[PDB]
Amino acid sequence: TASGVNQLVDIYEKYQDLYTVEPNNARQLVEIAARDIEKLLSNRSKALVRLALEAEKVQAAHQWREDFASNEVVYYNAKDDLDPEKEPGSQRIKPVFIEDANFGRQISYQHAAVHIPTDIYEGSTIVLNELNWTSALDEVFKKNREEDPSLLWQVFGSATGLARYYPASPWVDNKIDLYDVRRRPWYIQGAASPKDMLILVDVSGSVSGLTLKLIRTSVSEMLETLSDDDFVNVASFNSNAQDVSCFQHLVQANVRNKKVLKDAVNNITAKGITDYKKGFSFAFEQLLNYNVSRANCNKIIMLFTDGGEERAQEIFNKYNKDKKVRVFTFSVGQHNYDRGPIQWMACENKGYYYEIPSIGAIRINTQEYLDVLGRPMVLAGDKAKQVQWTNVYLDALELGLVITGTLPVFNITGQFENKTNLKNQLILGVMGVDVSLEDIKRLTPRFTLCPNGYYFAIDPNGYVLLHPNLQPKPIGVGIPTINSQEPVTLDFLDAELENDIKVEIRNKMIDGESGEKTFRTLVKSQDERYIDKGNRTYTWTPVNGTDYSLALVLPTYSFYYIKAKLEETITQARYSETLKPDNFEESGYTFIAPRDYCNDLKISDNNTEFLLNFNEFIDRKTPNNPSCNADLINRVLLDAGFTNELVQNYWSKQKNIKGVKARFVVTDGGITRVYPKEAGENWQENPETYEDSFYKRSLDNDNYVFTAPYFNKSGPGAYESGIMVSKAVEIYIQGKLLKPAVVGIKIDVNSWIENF
Amino acid sequence: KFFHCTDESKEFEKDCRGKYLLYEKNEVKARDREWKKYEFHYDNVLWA
Amino acid sequence: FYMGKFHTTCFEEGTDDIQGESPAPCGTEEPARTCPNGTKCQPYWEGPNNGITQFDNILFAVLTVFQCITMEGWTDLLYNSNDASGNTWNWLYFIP
Amino acid sequence: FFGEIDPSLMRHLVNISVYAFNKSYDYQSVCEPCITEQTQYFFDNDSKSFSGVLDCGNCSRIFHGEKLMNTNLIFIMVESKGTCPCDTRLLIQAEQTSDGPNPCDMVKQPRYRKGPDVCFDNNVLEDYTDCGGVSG
Amino acid sequence: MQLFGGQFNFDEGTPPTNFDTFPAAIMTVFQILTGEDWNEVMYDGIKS
Amino acid sequence: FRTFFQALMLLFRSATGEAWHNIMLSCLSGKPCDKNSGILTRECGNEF
Ligand SMILES: *[C@@H]1O[C@H](CO)[C@@H](O[C@@H]2O[C@H](CO)[C@@H](O[C@@H]3O[C@H](CO)[C@@H](O[C@@H]4O[C@H](CO)[C@@H](O)[C@H](O)[C@H]4NC(C)=O)[C@H](O)[C@H]3NC(C)=O)[C@H](O)[C@H]2NC(C)=O)[C@H](O)[C@H]1NC(C)=O
Ligand SMILES: *[C@@H]1O[C@H](CO)[C@@H](O[C@@H]2O[C@H](CO)[C@@H](O[C@@H]3O[C@H](CO)[C@@H](O)[C@H](O)[C@H]3NC(C)=O)[C@H](O)[C@H]2NC(C)=O)[C@H](O)[C@H]1NC(C)=O
Ligand SMILES: *[C@@H]1O[C@H](CO)[C@@H](O[C@@H]2O[C@H](CO)[C@@H](O)[C@H](O)[C@H]2NC(C)=O)[C@H](O)[C@H]1NC(C)=O
Ligand SMILES: *[C@@H]1O[C@H](CO)[C@@H](O[C@@H]2O[C@H](CO)[C@@H](O)[C@H](O)[C@H]2NC(C)=O)[C@H](O)[C@H]1NC(C)=O
Ligand SMILES: *[C@@H]1O[C@H](CO)[C@@H](O[C@@H]2O[C@H](CO)[C@@H](O)[C@H](O)[C@H]2NC(C)=O)[C@H](O)[C@H]1NC(C)=O
Ligand SMILES: CC(C)CCC[C@@H](C)[C@H]1CC[C@H]2[C@@H]3CC=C4C[C@@H](O)CC[C@]4(C)[C@H]3CC[C@]12C
Ligand SMILES: *[C@@H]1O[C@H](CO)[C@@H](O)[C@H](O)[C@H]1NC(C)=O
Ligand SMILES: *[C@@H]1O[C@H](CO)[C@@H](O)[C@H](O)[C@H]1NC(C)=O
Ligand SMILES: [Ca+2]
Ligand SMILES: [Ca+2]
Ligand SMILES: [Ca+2]
């Protein structure tokens, strides 16, 4: 009685002809969204293709100068002070940064910005040549931005270290820039192919002391250059080889397997006499294990030692005689031992030899094996050039969750005439364009669905590209020990409640199939304290063109939605005069959802400001205007009218009731109304209607739902606001079933404790 | 032959330019690269 | 005179941590060396030269004296004892 | 949560299947000193009359539980808390910091994945002369 | 060499004055005879 | 060298030989001057 439940249903039937019920064909919706994502990614890929072509041609036409006199290369160094008021061959640019709400930073569209890391000098002959020949990329950057004004970033990570991203913006912000474009996951993804790496650590006695610390740091830094498509295992050998950790065969380089390996490596001790013929015979046998899942290509052994006398030709002739396994040898530490055999191991087995004499050399000497690994794909010609999208990760320039498409850039000088191929087997760098997850979320509208319906996307590893449960925070890896570079890799099963049927749906999505599956699942509430037993329908299709798969989750009651009518200019004013700020005294304190109705209307975190802006915008011009969404505005106005009629005609008759503190109504359109004006200050729910836990819980239940209050919180407890009970409004229009709103009351504790 | 660069890796005057990372305990610092002579050297008979 | 004087240093105010990589003996009075704003003089620190050079036993004192007799590293003790106790009288022990 | 008030009636209610629990992991969570364990309880047998005899140490507490049909409410009537002492192992529903699943067991039984099919790992034309030893 | 063999491999690094090899042992012993920084070598021997 | 007695200690440390060569280098030209020395530029020390 206190919160009208039959009255709203009667309102919804009796004000028919003001709205129509339209279907949600899940098969069509998911395919429309999949083609939209495909077109977005193809738009993004065309820019990469044309950047790669232009960069290759311009570098091919370059002439290697060796001397630059005063100003010869003009570029904007991204780490330069904007007001120095003051070099060997370079002239700085003073740019003008205005603003851009699309980025959040201050940018200049006039030219590209260059990042040169701290170690690399910007006056080198190999850096000045890059800074000259790469200056031709700015025209193509501008052309890409002018053809598609929605492009976020266009970086060219170069093999020399410097990076050129088009919208010139200052580098981020102790505070020592350790960034190196050659170690970012997108560069590593585009510079080689998935690996099967087996690190072989020498833990004999002679590596004791500094060499051991350098070895552990080097192994950790090498582990940081591994993706989820890469499989790695770390072994050690003094006189008998053993596995460093619990893993026995090979594990994919997750964010957690890598942690286990790092922790195991950080707890090794040096004692014994080196036996190479027993460590290599162990590495080669773990690289032959095919019972387990592996990348099945790029089988490499990385030997971390200091120096020795045994070369072990017999082991290589026995295990690697057709030379299917590369061997990279590292001479770690500052010492004096024979280094000939370990150089011979690299020379014979298609590998490379590296030296790490101090901590400062670890990064560079652990990121270089990709140059060796990229030779076969460079010789593959125009067949290794395919756009590849990375895992979800936090952007370096504070832009949020983004993924990057990458394309390698080859060196083709002396290819028009058959002149050079010796050094041409090395990539110049990797192209890269960023697409934010907010773009993909824009391509999948969610306001024709119920609050319980959503989209989500899965890549072949099973991680989510879209999910309501994916937050812009780094993935936790373990218990936080006392005293933004990792990817946000969250599996589908880790984003929801695992189920036997879900483990099958996920495999079918990974395989690249499409289908439907209606089943009774176990859904967890928004506030993370309850569980409901809902019946949902998963409809999925592959994002043809890429490796992603889109799915659309919908409950049974969400197969139909209310579409508002055009109505007339008379009704717009009468509905919109209800939510005037001075008018929620006879109508009840009103909230409005911060959904973008027009491009000009700006979202605010204070609902009073947004409500004022919405009211003044509706007052200005007409409710129906270009640069807006007619359906969203019409739905909100219809909901406002229905809610106002309810609150007046029913709640205004009974001003006060014995056992209630506040009556509320939350509806799909965006409107929340609490009848007592004084009770509006106690309403702690999200103004967004699609994010209210009690609404989502009440939708799944055909009965009343009691939402327990919070205990020991700074807000008013269950003594000044009350205990909330909510019931979902169910309307039967034609043969259709719809649930467009939820009402409820906050029962005061005193009346009920007296009645108990 | 009594020349050195503050950065250990750089072994020529042209290479010893710019800044480098100095790894102290639990802290990283950026320092300039300088090509400097040793305090006591043999560059002439008077210095010897 | 010098028994146990070199075990106090400039510890961080908040934590039981050495303020700098190179610590020196400190004191709570003006004649002795005084810790900066952010630090205080706390009881135990190993001492100079990782605790090898000190006056804690007769055996440690004899070894420490023998080192000064060879005129090798004796000024470091003079400067350390000056930090702990002030420079008014320490030259009367080392110069003789 | 009733587990942190009466930590014996709660566990007996779970045991006689008055309630049910189903525990998951949160990987995007922040901690004060991180993966976090979460627990949620829900009605399972969805039948009405739940009466039994709870056993404390050397004493017996008799209880009756009845469930309202139109609401998600349960009325649990227990004889007395003070009369019979049970061991007070608090049952906490709140999220608890924890290490994730043991990686060793998960990697023994890995999840299904489809790796990339294209790989450029060998080429007869490749020049292996740049070994790195003679180059420095 | 017998008393201080491969015992000078400290975490910071191996000092230039160590007894690992015979040419290194002679020059370390010779330095102690001249009495220059003999105490510094003693601290390493005690530390080892 | 600030006082007579602080000067005598310096000449006694050098007489015993405690790093007298590093003191000689520290006294050379182009060193910062004292705050109250009356010289506001880095012109202190001598090649003497
Ligand atoms: C893409 O590939 C092309 C060719 O495949 C490559 O172009 C070549 O670039 C190199 C630069 O590394 C040029 O090198 C010439 O070689 C001489 C002789 O060595 C160098 O002169 C000295 O060389 C020594 C080492 O031998 C070295 O210290 C230093 O380089 C020079 N030292 C002094 C004191 O001069 C010169 O570097 C250079 N000579 C001249 C006259 O410029 C080749 O000439 C280039 N080849 C062609 C056909 O132009 C290009 O760099 C690759 N792309 C990228 C991004 O690296
Ligand atoms: C790498 O650096 C080179 C040196 O700065 C650049 O080469 C120079 O580009 C200039 C264009 O700004 C050329 O000037 C024009 O050249 C034409 C030749 O057709 C002549 O009319 C004139 O010299 C001049 N004309 C005008 C209207 O300015 C230089 O000739 C040219 N070469 C030099 C200076 O030796 C390269 O452009 C640069 N690479 C990239 C990719 O930018
Ligand atoms: C797992 O790999 C091993 C070798 O790495 C395979 O070898 C077999 O091991 C089982 C163990 O009892 C035995 O059948 C034989 O020792 C091996 N059979 C051979 C070599 O033919 C083993 O086959 C792999 N596992 C499976 C299920 O195939
Ligand atoms: C990817 O391609 C397939 C076919 O190449 C597309 O599926 C076809 O869809 C039409 C109707 O739209 C059907 O008539 C065909 O039978 C389908 N072919 C199949 C299933 O092999 C699919 O739509 C494309 N991907 C996307 C996202 O549209
Ligand atoms: C997740 O919650 C479900 C729902 O109760 C649990 O599945 C039931 O588990 C009980 C035993 O605890 C069985 O008797 C039921 O047959 C299960 N139901 C179904 C539909 O299988 C499940 O155990 C909980 N935990 C996990 C990890 O899934
Ligand atoms: C008995 C001594 C004085 C005779 C020896 C003379 C020689 C070795 C010394 C004594 C005085 C010295 C000079 C004293 C002052 C200066 C000013 C200084 O900014 C540059 C060097 C210069 C010009 C010195 C050069 C070296 C010098 C000439
Ligand atoms: C793709 O690009 C074209 C023009 O560049 C644009 O009209 C179209 O809307 C884009 N499609 C997207 C972004 O999905
Ligand atoms: C440091 O200590 C002195 C001692 O009185 C005091 O005057 C000064 O304000 C202190 N500095 C700070 C920053 O607290
Ligand atoms: Ca060894
Ligand atoms: Ca001496
Ligand atoms: Ca001497």
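If you read the protein sequences in the order shown, they are chains A, B, C, D, E and F.
Here the first sequence stands for residues 50 to 135, 139 to 225, 231 to 540, 553 to 825, where the numbers follow UniProt numbering.
1448 is the number that UniProt numbering gives the last residue of the second sequence; the numbers go up by one with no jumps.
342 is the number that UniProt numbering gives the last residue of the third sequence; the numbers go up by one with no jumps.
Here the fourth sequence stands for residues 874 to 906, 974 to 1076, where the numbers follow UniProt numbering.
679 is the number that UniProt numbering gives the last residue of the fifth sequence; the numbers go up by one with no jumps.
1785 is the number that UniProt numbering gives the last residue of the sixth sequence; the numbers go up by one with no jumps.
Ideal placement from N, C-alpha and C gives every residue a C-beta, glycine not left out.
Residue(s) in a DSSP beta bridge with residue i
{"i": "A/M254", "result": "A/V289, A/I357"}
{"i": "A/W446", "result": "A/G462"}
{"i": "C/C287", "result": "C/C256"}
{"i": "A/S388", "result": "A/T362, A/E412"}
{"i": "D/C999", "result": "D/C996"}
{"i": "A/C667", "result": "A/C697"}
{"i": "A/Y759", "result": "A/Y759 is not bridged to any residue."}
{"i": "B/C1405", "result": "B/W1435"}
{"i": "A/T69", "result": "A/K632"}
{"i": "D/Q980", "result": "D/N895"}
{"i": "D/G1073", "result": "Paired residue(s): none; D/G1073 is not in a bridge."}
Residues near residue i in its chain [Cβ-Cβ closer than 7 Å; skip 5 each side]
{"i": "A/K380", "result": "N406, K407"}
{"i": "A/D285", "result": "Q309, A310, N311, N448, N518, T558"}
{"i": "A/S261", "result": "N295, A327, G329, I330, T331"}
Closest residue to residue i among the options (Cα-Cα distance)
{"i": "A/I413", "options": "A/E714, A/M402, A/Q391, A/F385", "result": "A/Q391"}
{"i": "C/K286", "options": "C/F257, C/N326, C/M249", "result": "C/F257"}
{"i": "D/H1004", "options": "D/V1018, D/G1076, D/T1011, D/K1048", "result": "D/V1018"}
{"i": "D/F875", "options": "D/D1070, D/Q1033, D/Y1068, D/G1076", "result": "D/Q1033"}
{"i": "D/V903", "options": "D/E1066, D/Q1036, D/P1041", "result": "D/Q1036"}
{"i": "A/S202", "options": "A/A249, A/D237, A/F155, A/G213", "result": "A/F155"}
{"i": "A/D563", "options": "D/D1057, D/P1041, D/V1058, D/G1076", "result": "D/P1041"}
{"i": "B/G1418", "options": "B/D1443, B/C1405, B/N1444, B/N1426", "result": "B/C1405"}
{"i": "A/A188", "options": "A/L648, A/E80, A/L255, A/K106", "result": "A/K106"}
{"i": "A/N819", "options": "A/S250, A/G247, A/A787, A/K796", "result": "A/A787"}
Residue burial classification, residue i (beta-carbon count within 10 angstroms, cutoff 16)
{"i": "D/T1028", "result": "exposed"}
{"i": "C/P289", "result": "exposed"}
{"i": "A/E139", "result": "exposed"}
{"i": "C/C281", "result": "buried"}
{"i": "A/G462", "result": "buried"}
{"i": "A/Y607", "result": "buried"}
{"i": "B/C1416", "result": "buried"}
{"i": "B/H1441", "result": "exposed"}
{"i": "A/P537", "result": "exposed"}
{"i": "A/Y68", "result": "buried"}
{"i": "F/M1761", "result": "exposed"}
Neighbourhood of residue i by C-beta, 8 Å cutoff - its chain only, sequence neighbours within 5 removed
{"i": "A/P785", "result": "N751"}
{"i": "A/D596", "result": "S762"}
{"i": "A/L267", "result": "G390, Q391"}
Same chain only: Cβ atoms within 6 Å of residue i, ignoring 5 sequence neighbours per side
{"i": "A/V70", "result": "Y629, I802, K805"}
{"i": "A/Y409", "result": "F385, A403, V429"}
Inset, instruction - With 7 Å as the C-beta to C-beta threshold (strictly closer), list the residues of the region 153-170 of chain A near chain I in chain order. - result: Absent from the structure is chain I; the protein chains it does hold are A, B, C, D, E and F.
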